[PDB]
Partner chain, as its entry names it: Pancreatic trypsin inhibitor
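Quick heads-up: it's one chain on its own, the form deposited without the partner chain, in structure tokens.
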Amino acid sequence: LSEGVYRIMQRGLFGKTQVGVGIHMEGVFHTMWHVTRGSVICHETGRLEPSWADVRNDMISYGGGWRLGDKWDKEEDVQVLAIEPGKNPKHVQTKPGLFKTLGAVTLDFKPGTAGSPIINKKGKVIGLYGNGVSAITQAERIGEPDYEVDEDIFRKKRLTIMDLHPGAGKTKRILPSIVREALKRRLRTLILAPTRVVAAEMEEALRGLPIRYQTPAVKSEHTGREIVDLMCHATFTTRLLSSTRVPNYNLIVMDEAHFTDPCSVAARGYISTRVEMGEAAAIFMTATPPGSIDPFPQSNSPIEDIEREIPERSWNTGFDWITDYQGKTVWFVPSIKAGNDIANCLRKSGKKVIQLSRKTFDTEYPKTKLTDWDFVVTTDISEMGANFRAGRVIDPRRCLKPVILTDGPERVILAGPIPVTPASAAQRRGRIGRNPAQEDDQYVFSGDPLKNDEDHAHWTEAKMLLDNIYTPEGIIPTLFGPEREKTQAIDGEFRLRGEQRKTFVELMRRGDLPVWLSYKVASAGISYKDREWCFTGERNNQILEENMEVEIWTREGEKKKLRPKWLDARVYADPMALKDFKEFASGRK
């Protein structure tokens, strides 16, 4: 909107009321915290959301960081442009005084004049009339400046990491600015989101632009360069494995490019190869790029870092700080099993709880926005773009790590609960510190992080995908550089030919089986429809469900004990994943 001085009106009972004043300068709206207390400001032809606040000094900025930089030099005539409610604007001159506790004008102005600009002879704002003598309220240091984006990053053989911390305006401003630039430059453009719900949020921010969401139910879909493709990471990788009609995108943008999921890692591998070939430009957006090991990064809004005991199971006494908290809380658990116990403990105390996991995310997450709740109990999945209007994060900093055991018959176990990585701790904490609130957001944690993901099964599974992905030219795709030495797996040792490769893709896509487990079955020469391997494993490969031995009724109508030839912990780690794998073993999908 237009630069100048604005009355801040509040629609109350039987009429609007000037609760304050504000100054829009260089594109951002400045005022005082006690006037709007974080609330959104409505304009005809516009919407204004807060971006920065200093509650202690009573200041708040809309649409960017504080930009008023001029200050008052003692013994200088100032001028308060007083905007009193129901009265015409007035220029009042006076000579201000001195400080006392950690420059105040002796002007008596009605309540509602708070936020009126204080101006020197140069017509620059040197402060805001506020705290009733009334102190010339000014920020010690301005922004927190400008953008995070908009160079000539649209060049072949250039890959850009955008380190965008929450509150950056990534989705609302940065991403649509990128797409507009790509379309001006006539670049065939692909956008990659970690989840459907995030992809849907991109569609909203990108409204008005030629965007097309690409379902994984389809191997390829082509109109032309004028259409921008949008899809989940996993969708892109499955297409790379399923189709030879993958378009040679000129610009590939990956959001939440830290996602350690095998499909996501393989995607960053292929993407990087395309950039290297001189074919494409790529942009990886993440607040924790490779090399970032600070659990406590900066945030656009202050975060209170509190370290104390956190329960891993149901409690009965000693943790009143958990349930006495008035606001909303996001709690990160090491597993769904752990999540269910915590959630039930909280629900027993009358707390409304939403639970989140990988497979329930796209159906449960929309409830956090719409319905009213107290706690979110989530797995590491919410480390990829999940946004919450919460004030607190409870983070025991623990997780389960899938590991391929080589001692004895090869199998995948879930090690832990083990301490999370520094990046993950930063992402978890990063759920808060976004939106200015009266009290600082709280990050309640326990334990230190650990850089021990070198034996993580995901890096090997990514290579099982990668050397089963071809490029039209013949070039071999490897892991993204900074991730390349996170596995000791040999290159092209997981390559599959012919129908083996086809089965491998189908075991993953239609079977919903883990990459490792899919690869083992496929390289064995087993057909997709055949499920006899689910019952012919060794006794020690027996699968348990709630302390009881699983017994499946086959498609034929036979009752056999569930006992896979290859054991992968992730297919029985939770009632839902097991329920799914039993549908597979029965041959119902």
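Positions refer to the first chain, counted from 1. By rigid core we mean the largest C-alpha set that fits within 1.5 Å across both forms.
Engineer: From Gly132 to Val133, how many deposited residues does the entry skip: none, 1 to 3, 4 to 9, or 10 or more?
Structural biologist: 4 to 9 residues are missing.
Engineer: Between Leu102 and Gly103, how many deposited residues lack coordinates (none, 1 to 3, 4 to 9, 10 or more)?
Structural biologist: 4 to 9 residues are missing.
Engineer: Hey, which bit's got the bigger mean C-alpha B factor in the entry, 202-210 or 89-97?
Structural biologist: Result: 89-97.
Engineer: For the C-alpha atoms alone, is the average B factor greater in 284-292 or in 483-491, going by the entry?
Structural biologist: The deposited B-factors put 483-491 ahead on the C-alpha mean.
Engineer: Which of these has the highest Cα B-factor in the record: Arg531, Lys520, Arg563, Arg47?
Structural biologist: Across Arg531, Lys520, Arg563, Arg47, the entry lists the biggest C-alpha B-factor for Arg47.
Engineer: When you compare the CA B-factors of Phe236, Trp459, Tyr365, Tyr147 as listed in the entry, which one comes out on top?
Structural biologist: Reading the PDB entry, the winner on C-alpha B-factor is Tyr147.
Engineer: Consider only the C-alpha atoms of the modelled residues in this chain, order them by B-factor as the entry records it, and name the third containing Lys579: lowest, middle or highest.
Structural biologist: Answer is middle: the recorded C-alpha B-factor places it there.
Engineer: What third of the chain does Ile23 rank in for C-alpha temperature factor, lowest, middle or highest?
Structural biologist: Top third by C-alpha B-factor.
Engineer: Place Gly167 in the lowest, middle or highest third of its chain's C-alpha B-factors, as listed in the PDB entry.
Structural biologist: Its C-alpha B-factor, which the entry lists for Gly167, ranks in the highest third among residues of this chain.
Engineer: Can you work out whether the C-alpha temperature factor of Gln79 puts it in the lowest, middle or highest third of the chain?
Structural biologist: For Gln79, whose C-alpha B-factor we compare with every modelled residue in the chain, the answer is the highest third.
Engineer: Looking at the C-alpha B-factor of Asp324, is it in the lowest, middle or highest third of its chain?
Structural biologist: As the PDB entry reports it, the C-alpha B-factor of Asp324 lands in the middle third of its chain.
The same protein has a further form, the form solved in complex with the partner chain, not shown here; the description that follows concerns it.
Engineer: Going by a heavy atom distance of 4.5 Å, is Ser264 a contact of the partner chain in the deposited bound form?
Structural biologist: No, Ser264 stays farther than 4.5 Å from the partner chain in the deposited bound form.
Engineer: Please tell me whether any heavy atom belonging to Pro111 falls inside 4.5 Å of a heavy atom of the partner chain, as the geometry stands in the deposited bound form.
Structural biologist: Output for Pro111 is yes: heavy atoms within 4.5 Å of the partner chain.
Engineer: Any of the heavy atoms of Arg37 lying within 4.5 Å of the partner chain in the deposited bound form?
Structural biologist: Although the partner chain is absent here, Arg37 would touch it in the deposited bound form, with heavy atoms inside 4.5 Å.
Engineer: Taking the shortest heavy atom distance, is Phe259 within 4.5 Å of the partner chain in the deposited bound form?
Structural biologist: No, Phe259 is distant from the partner.
Engineer: For the partner chain, considered in the deposited bound form: do all three of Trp331, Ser446 and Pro449 come within 4.5 Å of it, counting heavy atoms only?
Structural biologist: Spot residues vs the partner chain: no contact at all.
Engineer: Exactly one of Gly132, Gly498, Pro409, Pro366 has a non-hydrogen atom within 4.5 Å of the partner chain in the deposited bound form; which residue is it?
Structural biologist: In short, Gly132.
Engineer: Among the candidate stretches 388-396, 502-510, 420-428, 111-119, which one is within 4.5 Å of the partner chain in the deposited bound form when only heavy atoms are counted?
Structural biologist: Heavy atoms within 4.5 Å of the partner chain in the deposited bound form occur in 111-119.
Engineer: Tell me, with the core superposed, which single residue in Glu551, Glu538, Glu556, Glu26 has its C-alpha moved by at least 2 Å between this form and the one not shown.
Structural biologist: So the residue whose C-alpha moves 2 Å or more is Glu26.
Engineer: Rigid core superposed, CA of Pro85 - does it shift 2 Å or more between this form and the one not shown?
Structural biologist: Yes, its C-alpha moves 2 Å or more.
Engineer: Could you check, with the core superposed, whether the Cα atom of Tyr213 shifts 2 Å or more between this form and the one not shown?
Structural biologist: Superposed on the core, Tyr213 moves its C-alpha less than 2 Å between this form and the one not shown.
Engineer: Taking the rigid core as reference, does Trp72 move its C-alpha 2 Å or further between this form and the one not shown?
Structural biologist: Yes: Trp72 shifts by at least 2 Å between this form and the one not shown.
Engineer: Between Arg185 and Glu151, do the C-alpha atoms lie closer or farther in the deposited bound form than in the shown form, with a difference of 3 angstroms or more?
Structural biologist: Residues converge in the deposited bound form, at least 3 Å closer.
Engineer: Kindly indicate if, in the deposited bound form, the C-alpha atoms of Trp66 and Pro297 are closer or farther apart than in the structure shown, bearing in mind the change is 3 Å or more.
Structural biologist: More distant in the deposited bound form, by 3 Å or more.
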